[PDB]
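Every number in this text was worked out from the coordinates using simple rules, so none of it is lab data. We place every Cβ from the backbone using ideal geometry, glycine too, and count neighbours over all the protein chains shown.
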Ligand SMILES: CC(C)C[C@H]1[C@H](C(=O)Nc2ccc(-c3ncccn3)c(Br)n2)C1(C)C
Ligand SMILES: CC(C)C[C@H]1[C@H](C(=O)Nc2ccc(-c3ncccn3)c(Br)n2)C1(C)C
């Protein structure tokens with residue numbers, strides 16, 4: 001009850017990077033159409049606005065994870081958050097496509113440098129035990145807070161110009177840099193050297209893969225650029241693996257994958273993050289399009305999701321010290337699966353808010369809050385303080401990567417269903433009631449597919465062999 | 001509230017055959033070891049005692065289903081229940097192996113004649129609507145009552161000789177024959193002729209298959225007798241299909257399998273009955289062996305399962321008129337899956353009764369009661385009064401057949417796990433604590449496998465395309 005001010009300031013400062021990044025991404029998604037109208041942007045720019053940020057977020061994140069070790073996690077976290085804030089400032093004063101794309105690239109650089117270092121700071125500054133559980137709970141809770149409050153900000157500031165939308169990154173960034181300065185404690189001066197070749201190879205492979213995946217649907221899936229970027233990514237990845245095989249300071253430790261339970265945990269993290277991201281996108285689109293709710297209305301409706309995830313994460317953090325991560329993950333998935341089944345069976349257009357919408361979202365949020373803590377706790381387990389960087393970077397990369405990878409499948413299933421039912425393809429303004437009902441049924445079918453994916457997730461999580469002793473009991 | 005006396009008497013009389021058959025089977029399983037000691041029986045006879053009954057129950061049941069149409073469902077039900085009662089009387093005075101085997105064969109004949117006719121009487125005397133829902137609820141509820149009360153009777157009468165155990169079949173049989181005589185109403189005299197060749201071919205195929213499966217584990221799996229019986233069963237089945245292709249009065253209507261939703265429903269019935277039977281066997285063995293509970297204690301502990309299934313079946317019968325059978329089946333399976341997960345995660349040797357044993361069983365019973373009614377309602381749907389016999393017979397055959405077929409897999413998994421953990425094979429008296437713990441863990445693993453099977457069941461049940469209009473809304 002009422003912990004130390006230093007502890008709460010430290011956890012807030014550490015989770016601040018995920019909070020800020022998710023909130024900024026949500027605001028960008030919400031305010032994307034306004035940028036196109038005001039700046040007179042084409043669909044290519046509509047892609048590029050998010051493409052640059054995701055490109056530099058996925059490309060340099062392993063570089064950031066190792067750079068945290070080579071310079072110091074606190075100091076590189078400060079650098080990353082400051083760079084993100086400055087890039088947001090530059091974006092807020094953008095006047096053409098080039099400067100905004102450069103600002104998005106700089107934001108991606110800042111996020112890639114800072115967020116894996118954020119996970120490493122969760123796992124490093126606080127020793128194993130109740131402190132780590134509380135840090136993880138705050139991490140996930142304020143990530144959800146950032147997402148939903150960014151949706152709220154985007155909905156509220158849609159009347160004013162989009163320039164003001166990106167400025168909320170500034171006060172939050174400054175205050176959380178101040179919190180990291182004053183609160184977080186610096187360790188000894190065990191300066192450690194970085195291996196340039198492995199880092200640059202990993203960066204090249206990741207950036208080529210992200211560029212290929214982003215340019216796929218726009219430029220064509222078998223065009224020259226997409227296949228060239230894909231083959232470049234594959235060659236860079238295989239060269240990176242070959243170099244890491246003999247690296248004295250591995251960028252990614254292939255040594256630490258000896259434990260098969262760790263491989264199971266990482267794959268479960270990937271697929272669970274994918275399911276969660278697909279759920280986010282599908283719920284946002286379904287609420288904003290079918291039910292006709294504004295973005296501000298969507299945010300104030302998802303605030304109960306934030307509350308429910310708060311209770312779920314608190315309960316999971318309390319219960320990890322007694323129950324196995326397998327058990328808690330399965331229970332959270334059970335609650336989330338019940339919520340998804342209820343959503344896919346008893347909700348169509350015109351349903352009320354309190355009966356049919358608050359309860360499934362609250363139950364799903366409680367389940368997700370129960371499931372997140374054990375998974376990421378098992379991710380950061382059995383590692384030295386000199387090995388935490390790459391492990392956290394890989395876990396965060398899997399969590400962020402699984403999202404779009406299965407979201408593409410879910411979108412394909414939904415569009416196939418809505419064309420099977422006879423729904424018109426395009427913006428929801430043109431379609432009349434019949435195509436709207438077809439889209440609603442397609443969204444329910446996509447939710448059923450997401451539920452099947454969650455079934456798979458639990459199937460893999462049933463093999464998580466860790467015991468709570470080596471997770472949340474310190475010495 | 002307080003329906004007509006004729007209606008309640010009719011539903012009790014119709015479900016009486018399943019009640020009596022299940023109760024007698026449970027009593028026979030409980031009292032099997034006492035028969036071996038008193039009569040000086042070998043392991044071959046230990047097999048034969050149940051083998052004869054299951055042989056004649058699975059062999060002649062389709063013959064009974066069509067014989068219900070060719071003579072009259074009420075009158076053949078009377079004949080079947082009377083034959084079962086007389087066979088139980090003859091078994092109660094058995095003095096050697098031959099007469100007891102003959103009595104078991106006669107009991108199997110009676111069950112095969114009467115129980116599919118029982119399902120046909122559920123689906124025929126009461127027209128579609130609330131009456132059919134109530135009849136189905138009573139059917140399933142008193143089937144569970146028969147099973148659990150037979151376990152109670154076997155546990156209570158284990159001190160006295162096994163002769164008295166089989167005599168409870170007599171008063172119940174007589175009173176339910178009286179109920180069927182006085183209450184159930186006979187239809188017109190639309191006497192209809194039976195096709196002998198198809199019926200005899202189906203009987204031969206079924207009896208050969210049951211004999212092969214029963215003689216498999218005892219005599220060897222690749223012995224001459226088992227492979228010969230298997231090939232005879234296959235030849236009889238293919239000849240039966242060829243004859244049914246051109247049968248003027250098909251024993252099994254291949255015409256009615258046009259609807260793919262019906263095929264999905266029948267396969268779901270098969271696998272759900274298999275899961276339920278495996279659950280019954282595993283729970284009985286785990287309670288009687290690991291926890292060291294007597295059969296009477298097991299029955300008084302499973303009485304709450306009867307209560308919970310009663311509430312579940314009542315709620316499902318009420319809700320079928322509003323929700324689709326798919327929805328109710330999925331919800332009942334969700335509750336049952338939660339119960340199985342809780343049982344497989346937080347129960348080992350030495351757990352108390354009220355906290356760790358009553359609640360999972362009650363939740364599973366409520367889920368099963370919710371799931372049974374829609375499935376069997378979808379089974380008896382879209383059929384004429386001249387086609388109900390074979391459909392009910394096929395549904396009951398699938399429900400009874402799925403049980404041992406997946407129970408063998410579950411037993412193999414459990415024994416493999418307990419030998420992997422180092423547990424000794426054999427009766428639980430010889431093994432010490434370490435093998436007992438290994439057996440407990442193996443039982444939990446088998447429960448996990450049953451949970452996976454239930455996941456499969458829900459996967460198939462998600463394709464059940466019926467709407468409640470054509471299930472429980474009469475005209
Ligand atoms: C056989 C089986 C055990 C299936 C299993 C299904 C399930 O839901 N698994 C599951 C667990 C956790 C998560 C999750 N992880 C991180 C964040 C949010 N949620 C997710 Br998406 N799915 C069931 C039925 C419980
Ligand atoms: C994807 C999926 C929808 C999986 C589904 C699992 C399930 O449990 N399906 C299910 C339904 C009914 C029955 C049943 N039928 C008759 C009598 C008793 N029970 C059984 Br065994 N299993 C879940 C998670 C709900």
Largest to smallest principal axis extent of the C-alpha atoms in segment A:27-89, angstrom: 43, 21, 15
Copies compared at residue B:36 - label distances in nm, ascending, label defined 7 Å from Cα in the Cβ direction: 7.6
Pseudo-label separations to other copies for residue B:218 - Cα-to-Cβ vector, 7 Å, nm: 7.4
Packing-based exposure ordering (other Cβ within 10 Å, fewest first) of A:166, A:345: A:345, A:166
Rg ratio (alpha-carbon, reference 2.2 N^0.38 Å) - segment A:315-393: 1.43
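Rounded to the nearest 500, what is chain A's calculated 222 nm mean residue ellipticity when only DSSP H runs of at least 4 contribute -39500 (n - 2.57) each, over all residues? Before the final figure, lay out the partial values.
On the way: 16 runs with 362 residues, N = 475.
My calculation for chain A gives -26500 deg cm²/dmol from helical runs alone.
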Highest to lowest packing among B:423-430, B:167-174, scored as the average C-beta count within 10 Å: B:167-174, B:423-430
The protein assembly as shown - convex hull of the alpha-carbon atoms, volume per residue in Å³: 200 Å³
Overall Cα dimensions of segment B:250-475 - principal axes, largest extent first, Å: 62, 34, 29
Spin-label pair residue A:242/residue B:294, simplified geometry with 7 Å Cα→Cβ offset, distance in nm: 7.6 nm
A from B by rotation - nearest chain B beta carbon to the axis, in Å: B:455, 3
Alpha-carbon Rg with Dmax, taken over segment B:1-194, Å: 17.0, 53
Pseudo-label separations to other copies for residue B:188 - Cα-to-Cβ vector, 7 Å, nm: 9.9
Sequence-separation-based contact order of chain B, relative, with Cα cut under 8 Å and 6+ spacing, percent: 21 percent
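Would you mind getting me the FRET efficiency between residue B:475 and residue A:235? Use the beta-carbon distance for r and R0 = 60 Å, nearest 0.05. Don't skip to the answer; put the middle values down first.
On the way: r = 70 Å, r/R0 = 1.17.
Approximately 0.30, to the nearest 0.05.
Determine, for B:313, A:231, the number of other Cβ atoms within 10 Å of each Cβ, and report the residues in order from fewest to most. All intermediate terms of the calculation are to be shown ahead of the outcome.
Working: B:313 28, A:231 12.
Going from sparsest to densest Cβ surroundings: A:231, B:313.
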Ranked list, fewest to most other Cβ atoms within 10 Å of each Cβ, for B:321, B:6, B:214: B:6, B:321, B:214
Relative contact order of segment A:1-194, defined on C-alpha pairs under 8 angstrom at six or more residues apart (%): 42 percent
Two-site label geometry, residue B:182 and residue A:178: point separation in nm, points 7 Å out along Cα→Cβ: 8.9 nm
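Note the per residue figure in Å³ for the convex hull of the C-alpha positions in chain A. Provide the component values of the computation, followed by the final result.
Working: hull volume 68.0 nm³, N = 475.
Cα convex hull per residue, to the nearest whole number: 143 Å³.
Relative to the present Cα-Cα distance, how much length would full extension add between residue B:424 and residue B:190 at 0.36 nm per residue of separation?
Working: separation 234, 0.36 × 234 = 84.24 nm, distance 6.13 nm.
Full extension from residue B:424 to residue B:190 adds 78.1 nm.
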